[PDB]
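Notes for the one structure printed next.
Chains as they are written, first to last, in the numbering used here: chain A, 1096 to 1118; chain B, 4 to 32; chain C, 4 to 32; chain D, 2 to 26; chain E, 865 to 888.
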């Protein structure tokens, strides 16, 4: 399984992608 | 033999807070 | 006072700074 | 260089995204 | 005592966020 840390970093990456897309 | 569900890493707790802040920021708009 | 934890890792310090910056920006925006 | 860790790859992408934001703001 | 790649990246991320806050 991926680590909790990898999953959280993936979420963070995705949230920043979404910020950049909506700006 | 050690704990099966030990406390998460300090890294994990901080990344959680960072995640929460970015998500809340997004949720404002 | 609460006990002072063992010395934080460089990772922890940087992540805490990042958290602080995001909190600051959320608060003033 | 040796293969990057999964965390390094993600942090690099996060860096890249923030740099893009900086350039675009 | 060389920095780790993780440290190098987190330092840049921190600096970019400081810049964002300053320019906002």
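Backbone N, C-alpha and C define an ideal beta-carbon position, used for all residues, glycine too.
>> Taking its Cβ as the centre, do 16 or more other Cβ atoms sit within 10 Å of residue 27 of chain B, making it buried, or is it exposed?
In response: exposed
> Closest Cβ-Cβ distance between residue 26 of chain C and chain E: below 8 Å?
Replying inline: no
> Which value, in whole angstroms, describes the spacing of the CA atoms of residue 885 of chain E and residue 5 of chain B?
Replying inline: 43 Å
>> Tell me the rounded alpha-carbon separation between residue 870 of chain E and residue 10 of chain B.
In response: 22 Å
> Going along chain D, which residues have a C-beta under 8 Å from residue 871 of chain E?
Replying inline: Within chain D, no residue comes near residue 871 of chain E; the closest Cβ sits about 10 Å away, beyond 8 Å.
> From what residue to what residue does the alpha helix (DSSP H) around residue 1113 of chain A run?
Replying inline: 1099–1117
>> At the level of alpha carbons, what is the spacing between residue 18 of chain B and residue 32 of chain B?
In response: 22 Å
> Does the distance from the CB of residue 22 of chain C to the CB of residue 25 of chain B come in under 8 Å?
Replying inline: no
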